[PDB]
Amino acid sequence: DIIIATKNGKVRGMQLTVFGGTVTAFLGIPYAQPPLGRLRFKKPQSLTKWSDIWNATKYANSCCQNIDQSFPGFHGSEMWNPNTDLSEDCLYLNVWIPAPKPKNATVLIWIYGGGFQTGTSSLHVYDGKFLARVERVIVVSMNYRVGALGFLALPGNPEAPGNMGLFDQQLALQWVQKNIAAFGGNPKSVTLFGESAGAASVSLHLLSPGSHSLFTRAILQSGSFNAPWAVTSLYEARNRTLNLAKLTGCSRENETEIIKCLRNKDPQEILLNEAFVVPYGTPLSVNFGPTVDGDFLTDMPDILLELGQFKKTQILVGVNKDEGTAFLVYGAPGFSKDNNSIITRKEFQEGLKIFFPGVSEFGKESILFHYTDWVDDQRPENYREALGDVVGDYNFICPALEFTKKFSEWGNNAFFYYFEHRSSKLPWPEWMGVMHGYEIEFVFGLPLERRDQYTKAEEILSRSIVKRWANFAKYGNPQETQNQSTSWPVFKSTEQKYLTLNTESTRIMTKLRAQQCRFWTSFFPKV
């Protein structure tokens, strides 16, 4: 019976047998007043203390969200769907601490992705028990509100100021500061890490002054705020809020009366109508996301990045080899996970209309021009591979490289990786490569469990990544110093060295996607 006294009351954990040892898990600790009734759409409110023993022995409710139904019964998609009850009452977090209880352990705080519309910390691939067992760190993950319930925005209006899901995350970072020393954790050594919209979230905490004292260091997997999907404009946010109001029958003149109207709507009604607020949307559109609210985020983040207005500290940043392919089977013509998706030029052109809906003819032609200079004109997968690279370079690789250059230009150490190992257990087909989100299981050390079906080489790769991440969190340096590993060089804006992660040979390379990213970063933002 492991009981910890937090500042709001006593919580009860559970013991876990991991790798012939023990981890203590505290699953489902509340960290805010449930955002229900009059509290829906508002910022998270402080939690009033309890007097008993809160039983933190099972994952709590996931936040309300729409579910992927494109591949029913297929584990490749359904692994990302929530695995606890959906409920508005979902502001909970989890803590894994090593056994025996540590003295001043470094803390890793996970922020999941899901495009700010989906996700939950209870996913199997976010289980922080191996990190706690193997590296003696504490792992924390929290649920945060997503979609309109988390990011609906009437800027300046506190009834729906926007960015609520980010303030959920922040209130959880605060909880760690006030409480993690009781679990044996060092509040002075906190590393945020997340993937996709979670990585973008982490990058926004580097920008937000209200978060600057709540963490030490940052790790960004496949995401950053300067990605084109990561920030909703004040124009779009308002056009989307009124679109939702109209769809729900909540159109009013008093903008506050609109919110009160949306507060008598059942969560399901808000969920069904959320999808159509964006008229010409992309596959997996970020309908409701971070905005410049004037509170969490005081200016357009690109300007903050460009002008060095962010927390000075070390960053670890990286991307996967085929970030774009997962999105091609959610709308692109001729694509399918059950065949090899050989598409024609015309299919490629339609795909661009699908993924760049509001872009001019000339803009689309410019993308075609930059990506159809084939070495061989007869390789039938030419267009198929070009569409995936287009989506991956524009939405992930180039934004992440530009973040790392810009951030590093202000004097802090930065480390960039390129993950290029396709999991042997990967249920998606081979042509989709090293997909978006499929480094996460290696970061969390699932291949360390031999009872699974990972290869030995995959166990060694995960063990090395796990050590590098942990050495980065504890020491600001993502080396593996003991087993003759390749030294991870600092990423500098001139040389732009990065490290490749694979089962075979770990390599130092320079200037990832240089020719592609000059297009996306220096020409395409003009069109």
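Rigid core here is just the name for the largest C-alpha set that superposes within 1.5 Å across the two forms. Residue positions are given as counts along the sequence shown, with the first one as 1.
S.K.: Relative to the presented form, and with the rigid core used for superposition, do the C-alpha atoms of 278-286 or of 87-95 deviate more in 8 other deposited structures of this protein?
M.R.: More C-alpha displacement in 8 other deposited structures of this protein shows up in 278-286.
S.K.: Specify whether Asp376 falls into a modelling gap in a third or more of the other PDB entries of this protein.
M.R.: Yes, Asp376 lacks coordinates in at least a third of the other entries compared.
S.K.: Going by the B-factors listed in the PDB entry, is the mean over the C-alpha atoms higher for 347-355 or for 143-151?
M.R.: Taking the mean B-factor of the alpha carbons in each, 347-355 is higher.
S.K.: Tell me which stretch has the larger mean Cα B-factor in this entry, 222-230 or 356-364.
M.R.: Going by the record's values, the stretch with the higher mean is 356-364.
S.K.: Highest Cα temperature factor in the entry, among the options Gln65, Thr500, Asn471, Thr48: which one is it?
M.R.: Reading the PDB entry, the winner on C-alpha B-factor is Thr48.
S.K.: For the C-alpha B-factor as written in the entry, point me to the maximum among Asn413, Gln268, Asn163, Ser201.
M.R.: The listed residue with the largest C-alpha B-factor is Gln268.
S.K.: Would you check the entry's CA temperature factor for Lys58 and let me know if it's in the chain's lowest, middle or highest third?
M.R.: Tercile = middle for this residue's CA B-factor.
S.K.: Of the three thirds of its chain by CA temperature factor, lowest, middle or highest, which one includes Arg422?
M.R.: Middle third, going by the recorded CA B-factors of the chain.
S.K.: For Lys511, return the chain-relative third of its C-alpha B-factor as stated in the PDB record: lowest, middle or highest.
M.R.: It belongs to the lowest third of the chain when residues are ordered by C-alpha B-factor.
S.K.: Using only modelled residues of the chain, where does the Cα B factor of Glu441 rank: lowest third, middle third or highest third?
M.R.: As the PDB entry reports it, the C-alpha B-factor of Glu441 lands in the lowest third of its chain.
S.K.: Where does the C-alpha B-factor of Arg136 rank in its chain, lowest, middle or highest third?
M.R.: Within its chain, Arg136 is a middle-third residue by C-alpha B-factor, going by the deposited values.
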